[PDB]
């Protein structure tokens, strides 16, 4: 569980911590989620950002990491980065990031 402390209005990069010789844009499905919400997905290399996060997030293609712009208090919490392969779903990678925020 990596932990980051930022302030309201900061931008932040949440590291997915994914790096293995089995990275494969074809099969790799990458998801960032927070609680019962999905932030974004990357399927076949194509990015899809959920409505709540459109215009306030970026994706770093190099590291599969999530960038959030203009933090607000409700952005606090645990985020997950998941790399899966659908065959049946199989998970290749799971990483958790705890974002703490104050004003």
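Residue numbers count along the first chain shown, from 1.
Asks: Relative to the deposited sequence, how many residues with no modelled coordinates occur between residue 87 and residue 88 (none, 1 to 3, 4 to 9, 10 or more)?
Replies: 1 to 3 residues are missing.
Asks: Mind pulling up the entry and telling me whether 51-59 or 23-31 has the higher mean Cα temperature factor?
Replies: Of 23-31 and 51-59, the stretch with the higher C-alpha B-factor average is 23-31.
Asks: According to the deposited model, is the average Cα temperature factor higher in 14-22 or in 90-98?
Replies: Taking the mean B-factor of the alpha carbons in each, 14-22 is higher.
Asks: With respect to the C-alpha temperature factors reported in the PDB entry, which of 69, 44, 66, 73 ranks highest?
Replies: If I rank 69, 44, 66, 73 by C-alpha B-factor, first place goes to 44.
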